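Worksheet: the structure to be examined is printed underneath.
Derivation of every value follows stated rules applied to the coordinates shown; laboratory data play no part. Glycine gets a Cβ as well: all are built from the backbone with ideal geometry, and neighbour counts include every protein chain shown.
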Amino acid sequence: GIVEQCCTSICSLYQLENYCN
Amino acid sequence: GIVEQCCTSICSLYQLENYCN
Amino acid sequence: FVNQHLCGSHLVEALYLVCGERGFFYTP
Amino acid sequence: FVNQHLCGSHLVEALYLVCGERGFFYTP
């Protein structure tokens, strides 16, 4: 999930936008 | 929604918790 | 911190603190 | 601000800034 992708590893705009409504 | 209840008016713990997963 | 007007980043912060490991949805 | 390790309040802040009026879900 987001913690694994953005906290434990380097985040990306691509991945952040997948959590926008 | 949350903006009307917590921003435009005074928020509450009761209402905030309704937005927790 | 919760019983006041909370807008924008201030509201998201309150949700974060209140909800903890549950997380939350912010639907403005 | 997005291409780095973002944890806790820092991650919620990034979601808030990126998603704008759409809002977002934070599911840790």
Using a label point 7 Å beyond Cα on the Cα-Cβ vector, give me the inter-copy distances for C:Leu17 in nanometres, one decimal, shortest first.
2.1
Cα coordinate range in the protein assembly as shown, projected on the principal axes (Å, largest first):
37, 24, 18
Please report the spacing between the Cα centers of chain A and chain D in Å, no decimals.
8
Using the beta-carbon distance between D:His10 and A:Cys20 and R0 = 25 Å, what value does 1/(1 + (r/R0)^6) give for FRET efficiency, to the nearest 0.05?
0.90
Could you give each residue of the range C:16-22 its phi-based ³J(HN,Hα) in whole Hz, using Karplus coefficients 6.51, -1.76, 1.60 with θ = phi - 60°, and x for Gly or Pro?
4, 5, 6, 7, x, 5, 5
With θ taken as phi - 60° and the coefficients 6.51, -1.76 and 1.60, list the Karplus ³J(HN,Hα) couplings across the range A:6-19 in order, rounded to whole Hz; mark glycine and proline as x.
10, 9, 6, 10, 6, 6, 8, 5, 3, 6, 4, 5, 5, 9
Put a point 7 Å out from Cα along the line to Cβ at A:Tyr14; what are the distances to that point in the other copies, in nm, shortest first?
4.6
